[PDB]
């Protein structure tokens, strides 16, 4: 059995990884060695104890990786580095994992001698898990994205802030909501007043999220005008698919909304060729066992294609599939997917399962 080290296993992404690995009994296939950054179990900064391992799995963050990875590689270490952080995604000796989509790219890299396997961007991963069949058959020319991103992508404190904000908005009009006869405009004025107030907790977001939205996620990239998050749509989709030489244009707007852990996305996919709607629904559905085609019906979309439904599940529903008024080669699609599972912990759990086998 392979000697595997785990760093950042107590954090949010790390905790989901530990729960998922326990659920799938993955610990019975490896020798687990747990690390800690605490000085109050081995030290995550002890390069000697880390060198004794075959595989290192980390969910600690970029600040850790950028400090420990170069030091450990400078000692001649032959092992595997599996990361959940973004720090090493665009490195040439690194492959971005998402096996139900890019098993070929992973298998080729294992044979070529690549020792660093990084998890992909949440939004990009959830997009490829939904509409991966169109990318397989080289049916995608370009894709315009509009995202409805959850608070979990920003962090634990951010989910708490969103929840605290939701409470303060209702509390501001608590008695007024109990009365079925009260003025709706008065209620609104009070909720908006509370949202704009000094004591409203907007520290982690820099703006109100509950009862509102933020059309900006991550640093500005002056060259193209995109945010670092919007750029990852172009950079990462192509690195996962191995198409860095012939890039498929994936661009759009990344917006943070008041959801806890599910990222939802609105797509405008321009296809290379005109194909029937019932054929496209079968090309999407047969890519993997997690994608789910939700029929263009009200009661079924309300019940299936929502954060409320998919939260904490491995299901990746895709619906609202139709031809746009711009032509029969312009497809509309709406997907919902859990950020912490296929967008964080799951691609990591699956590359590890492959390494220890």
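Positions refer to the first chain, counted from 1.
Per the record, residue 40 and residue 41 are separated by a gap of 10 or more residues from the deposited sequence that were not modelled. In this entry, 103-111 has the higher mean Cα B-factor, the comparison being between 103-111 and 117-125. Stretch comparison (309-317 versus 59-67) by mean CA B-factor in the PDB entry places 59-67 on top.
When the C-alpha B factors of 86, 286, 182, 264 are read from the deposited coordinates, the top value falls at 286.
Within the listed group 30, 300, 324, 33, the record reports its top CA B-factor for 324. In the PDB entry, a CA B factor belonging to the highest third of its chain's modelled residues is recorded for residue 142. Residue-level temperature factors show residue 95 in the middle third of its chain, judged at the C-alpha atom. In this PDB entry, the Cα temperature factor of residue 352 sits in the middle third of its chain's modelled residues. In this PDB entry, residue 188 carries a Cα temperature factor that places it within the lowest third of its chain's modelled residues. In the PDB entry, residue 227 places in the middle third of its chain by CA B-factor.
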